[PDB]
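Colleague: First portion of the complex, with coordinates as positioned in the assembly:
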Amino acid sequence: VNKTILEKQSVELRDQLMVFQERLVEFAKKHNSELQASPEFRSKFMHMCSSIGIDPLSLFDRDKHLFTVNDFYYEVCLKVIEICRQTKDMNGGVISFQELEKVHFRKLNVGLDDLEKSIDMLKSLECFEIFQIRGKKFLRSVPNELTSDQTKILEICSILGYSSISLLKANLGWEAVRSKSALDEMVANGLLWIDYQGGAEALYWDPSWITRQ
Amino acid sequence: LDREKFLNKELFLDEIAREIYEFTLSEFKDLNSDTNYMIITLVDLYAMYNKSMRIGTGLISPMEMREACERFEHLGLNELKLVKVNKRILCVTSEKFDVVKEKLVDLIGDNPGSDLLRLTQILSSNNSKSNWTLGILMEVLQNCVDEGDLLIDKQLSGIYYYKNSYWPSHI
């Protein structure tokens, strides 16, 4: 029977945490009841609960005060849906987080960290995938991911926004035909916009350029 | 009516479910036929259910939308079921998938060569009450394409669908 050593921390630490949850919900319900309106203060406070190991969303449960903060996070989740339907023609099913942040939401006081969460909520409806490009996140509203080919193209469209048949041949070291064959695939599918005025070749543009500046 | 008055999490959902089941059933059944259906991608459902019923009544976490619908079968709401059909399709329907698949297919077998923009209009009009929301359209389409149930014709102009009539793939 080994009592002394182990439980000296268990008992003690257990109460430290549990009783702290109360202290936590207090600062939130009392002071940061203006939290409902500050995209920064959220990301601060939420990065603590994460560190302890608490679903911050759960702290909000019991209070009237804190049940707006959820109601915001849902409000958003409900907008993200909507965004993705309106753009589905513009971008062909996929939108940069960039777009979401700066374009559609800057209008309603919502921040990248907030969004990110919303989207992790909608993992619940088994709906959109995420995918990164040259490291930047995107959001896939449509029902099938992009071939290895397709992704690279976008990687190339990161710098200029477009991609020639020649341009492919030159940077990634692609073929002539392999490129255009798999490059016209892309416009059937509404992802890329064509631009013929560009010269000898046509260039294939990525609706995302627009957004980032 | 019902926001944060409910203490028991479970009972809440139990009643949220009842609400949706009734919402959706409301959004279609003409009761002049039992040839009428509803497929909805869950996401599209949550879009409207909330927007229409619960605005001001209390809003819903998708996590709770999913959990709600998952238990119709348990509360004896039998007309509508929630199911995952392949890897990807997660939706609520009044009928078997296969049965609704076949339906769409054969409509193309009447309206061949047609593409989404037209297939939207033709199949689901505004006041012509066949209840194909957009989301589920593309999702089904893409499905029958994989299992070989539907044939295609890609051009820049867009994608164009036809019915599989020269080729195999038994039910």
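Modeller: Yep, that arrived. Numbering: from 1, shown residues only, chains lettered A, B, ... in the order given.
Colleague: All the strands of chain A, residue numbers only.
Modeller: A:94-96, A:129-133, A:136-140, A:162-163, A:193-195, A:203-205 (DSSP state E).
Colleague: whoops, I mixed them up, chain B
Modeller: B:39-41, B:81-84, B:90-93, B:150-155, B:158-163.
Colleague: Give me the helices and strands touching the first one, please.
Modeller: It refers to strand B:39-41. Applying 3 or more Cβ pairs under 8 Å, 6 or more residues apart in numbering or on different chains; DSSP states H and E, one finds that strand B:39-41 contacts strand B:90-93, helix B:134-146. Every C-beta, even on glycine, is put in place using the N, C-alpha and C of the backbone.
Colleague: Flag every buried residue along it.
Modeller: Neighbour-count burial for strand B:39-41 flags B:39, B:40, B:41 (criterion: 16 or more other Cβ atoms under 10 Å in any protein chain shown).
Colleague: Return the member of those residues nearest to chain A.
Modeller: For the buried residues of strand B:39-41, the residue nearest chain A by Cβ to the nearest Cβ is residue B:41; the value is 7.6 Å.
Colleague: Can you give me every residue that contacts the closest one?
Modeller: Residue B:41 is in contact with A:127, B:89, B:90, B:91, B:133, B:135, B:136, B:139, counting by Cβ atoms under 8 Å, 6 or more residues apart in numbering or on different chains.
Colleague: 7 Å - rerun?
Modeller: Residues near residue B:41 by Cβ atoms under 7 Å, 6 or more residues apart in numbering or on different chains: B:90, B:91, B:135, B:136, B:139.
Colleague: Now look at the lengthiest helix in chain B and say if it contacts chain A.
Modeller: Longest helix in chain B by number of residues (criterion: DSSP state H): helix B:9-26. No. Judged by Cβ under 7 Å from any Cβ of the partner chain, helix B:9-26 stays clear of chain A, getting no closer than 8.6 Å.
Colleague: Let me see the domain layout of the chain.
Modeller: In the absence of a named chain, this looks at chain A. Chain A breaks down into these domains under curated CATH domains: A:1-67, A:68-142, A:143-213.
Colleague: switch to chain B, that's the one I care about
Modeller: B:11-95, B:96-164.
Colleague: Check those for me and report the most buried one.
Modeller: Ranked by mean neighbour count, the domains of chain B are led by domain B:11-95 with a mean of 17 (mean count of other Cβ atoms under 10 Å in any protein chain shown).
Colleague: Run through who's touching stretch A:108-127.
Modeller: Under the contact criterion Cβ under 7 Å, 6+ apart, stretch A:108-127 has outside partners A:37, A:39, A:42-43, A:73, A:76-77, A:80, A:97, A:100-101, A:105, A:128, A:139, B:42-43, B:46, B:61-63, B:66, B:90.
Colleague: okay, chain C goes in next:
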Amino acid sequence: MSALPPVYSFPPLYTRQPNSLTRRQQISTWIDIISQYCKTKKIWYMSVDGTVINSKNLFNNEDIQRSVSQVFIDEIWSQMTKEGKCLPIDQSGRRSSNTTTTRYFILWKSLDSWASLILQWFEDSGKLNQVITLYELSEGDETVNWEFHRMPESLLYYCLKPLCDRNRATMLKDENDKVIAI
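Modeller: Putting chain C together with the chains above:
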């Protein structure tokens, strides 16, 4: 808020897009820029060339990259017409697809709605008994943050015309005139 809708400096906007879906948006985008440029600034009409003095051109003010095939620009206007807020003029507001539809016009408000707004000059100010002319409400004295000041000859005409459904406020006509009273 601007005449620099970011989307606008984007090259392939100016190429006629093959994806039947992408187009739906392409066109509706264009329309959105147009309307909100004549709205962003005082501008009222635009010629089918795409021309506009306040001189420069929408389908080619972005000549600082490229510009639009008129073949297409015509496809566009006709959607803008179909339901939109554009209408074909030459001098007088009417239309015959040749002579009388060279220049073009657009609002941000509706006709019904923009008519509804001098119902507000004269309903909230109670100037219903008066008789005033087009020449008098458009430049000089009726410039308030009411923006209709500078609504031209043939449009002020067109947009007062809806004041009549079955009831209205009156207007005058002759060989010599074109003026309105309430």
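Colleague: what do you get for the contacts of residue B:41 once chain C is counted?
Modeller: Contact analysis of residue B:41 by Cβ under 7 Å, 6+ apart lists B:90, B:91, B:135, B:136, B:139.
Colleague: Switch those over to a markdown table; also include distance to residue A:65.
Modeller: A markdown table is the format used below for the contacts of residue B:41 (distance: Cβ to Cβ, whole Å):
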| residue | distance to residue A:65 |
| --- | --- |
| B:90 | 34 |
| B:91 | 36 |
| B:135 | 36 |
| B:136 | 39 |
| B:139 | 40 |
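Colleague: ok, those residues vs residue B:148, which is closest?
Modeller: residue B:139 (16.9 Å; Cβ to Cβ).
Colleague: Could I get the contacting residues of that closest one?
Modeller: With contacts defined as Cβ under 7 Å, 6+ apart, the neighbours of residue B:139 are A:143, B:41, B:89.
Colleague: Report the separation between it and residue B:145.
Modeller: 11 Å (Cβ to Cβ, to the nearest Å).
Colleague: and what of residue C:171?
Modeller: Counting by Cβ to Cβ, the gap from residue C:171 to residue B:145 is 61 Å.
Colleague: beta partners of residue B:82?
Modeller: residue B:92 (DSSP bridges).
Colleague: In what element of secondary structure is residue C:172 found?
Modeller: Taking DSSP states H and E as the definition, residue C:172 sits inside strand C:171-173.
Colleague: residues making contact with that strand?
Modeller: Defining contact as Cβ under 7 Å, 6+ apart, one finds that strand C:171-173 is touched by C:160, C:179, C:180.
Colleague: any idea which element the second one lies in?
Modeller: Okay, so that is residue C:179. Residue-wise, residue C:179 maps onto strand C:178-181 under DSSP H and E.
Colleague: hmm, back to that, by neighbours, which of the contacts of strand C:171-173 wins?
Modeller: With neighbours taken as other Cβ atoms under 10 Å in any protein chain shown, the top of those is residue C:160, carrying 22 neighbours.
Colleague: what sits against that residue?
Modeller: C:115, C:171, C:180.
Colleague: List just the nearest of these to residue C:129.
Modeller: residue C:180 (12.7 Å).
Colleague: residues touching that closest one, list them.
Modeller: Contacts for residue C:180 (Cβ under 7 Å, 6+ apart) come out as C:132, C:160, C:171.
Colleague: what about the first one, which SS state?
Modeller: To tie it back to what came earlier, the one meant is residue C:132. strand (DSSP: H, G, I helix; E, B strand; the rest coil).
Colleague: Tell me, how many residues neighbour residue 45?
Modeller: Using chain A. Each residue near residue A:45 was counted by other Cβ under 10 Å, and the total is 19.
Colleague: Oops, wrong one, chain C.
Modeller: By the criterion of other Cβ under 10 Å, residue C:45 has 18 neighbours.
Colleague: sequence below should go in as chain D:
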Amino acid sequence: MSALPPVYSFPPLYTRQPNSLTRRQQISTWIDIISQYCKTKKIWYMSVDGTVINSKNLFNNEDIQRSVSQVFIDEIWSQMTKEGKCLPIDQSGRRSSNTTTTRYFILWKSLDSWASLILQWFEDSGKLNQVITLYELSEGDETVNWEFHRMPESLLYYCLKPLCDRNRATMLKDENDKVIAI
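Modeller: One more chain to add, chain D, which I have set with the ones above:
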């Protein structure tokens, strides 16, 4: 004209179908019209562009509509190479996936069934021990109720190579260019 099956006015024939199983089916059907075109017409070889002269292209010459990709055609070529009935060529029937395999060539009978029917010329007529060459049997005096007239320089060669490992009827060569006796 059997050569123009209804299946070929069908636009999806001209688009690499994604479904694994439904493709094998698609593939097998291209093979059947390529087979039939060349049997029902005089044609013997076909380029990998998919062109021919007796000048048409089977895949693109679909001008009443629109045509099809060459990233796919290879996939079709390869299945007809394996268990189908074609051999790649540049001039000589030999192959290197670059220089020596641009143009393609096809058979209705097999080479062991096609070599077995020119042996039924000289069984049925008794012109065995005589010596003729490719130039003689192909064009001129050997065109009868036998269709192997116009078998080009290199198929004759390789078509009648089952008979070196079969009965071993001798054949002759000037620095690798041929002529046969039986």
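Colleague: The contacts of residue B:41 with chain D there, same question as before?
Modeller: B:90, B:91, B:135, B:136, B:139.
Colleague: Could you rerun that using 6 Å?
Modeller: Residue B:41 makes contact with B:91, B:135, B:136 under the criterion Cβ atoms under 6 Å, 6 or more residues apart in numbering or on different chains.
Colleague: now swap in residue C:90 and tell me
Modeller: By Cβ under 6 Å, 6+ apart, the contact list for residue C:90 reads C:100, C:102.
Colleague: For it, give its distance to residue C:154.
Modeller: 9 Å.
Colleague: Likewise for residue B:137?
Modeller: From residue B:137 across to residue C:154, the span is 46 Å (Cβ to Cβ).
Colleague: and if you look at residue C:124?
Modeller: From residue C:124 to residue C:154 the distance is 27 Å (Cβ to Cβ).
Colleague: If you count surrounding residues, which of the two has more?
Modeller: In terms of neighbours (other Cβ under 10 Å), residue C:154 is the more surrounded of residue C:124 and residue C:154; the figures are 20 against 8.
Colleague: Which strand or helix spans the more buried one?
Modeller: Going by DSSP H and E, residue C:154 is in helix C:153-160.
Colleague: Next, the buried residues of that helix.
Modeller: Neighbour count says helix C:153-160 has C:154, C:155, C:156, C:157, C:158, C:159, C:160 buried, by 16+ other Cβ under 10 Å.
Colleague: Could you pull up the contacting residues of whatever residue of chain B ends up closest to chain D?
Modeller: Nearest residue of chain B to chain D, counting by Cβ to the nearest Cβ: residue B:148, 3.7 Å away. Residue B:148 is in contact with B:169, D:19, D:21, D:22, counting by Cβ under 6 Å, 6+ apart.
Colleague: Which residue or residues pair with the spatially most central residue of chain C through a beta bridge?
Modeller: Nearest to the mean C-alpha position of chain C, by Cα atoms, centre = their mean, lies residue C:106 at 2.0 Å. Taking DSSP bridges as the rule, residue C:106 bridges to residue C:86.
Colleague: thought it was touching residue C:87?
Modeller: No. If you go by Cβ atoms under 6 Å, residue C:106 and residue C:87 don't touch, sitting 7.6 Å apart.
Colleague: Contact partners for residue 83?
Modeller: As the question left the chain open, I've gone with chain A. Neighbour list for residue A:83: residue A:104 [criterion: Cβ under 6 Å, 6+ apart].
Colleague: For stretch A:19-30, which outside residues touch it?
Modeller: So stretch A:19-30 is in contact with A:59, A:63, A:65, A:66, going by Cβ under 6 Å, 6+ apart.
Colleague: How about it, which residues are buried there?
Modeller: A:24, A:25, A:28, A:29.
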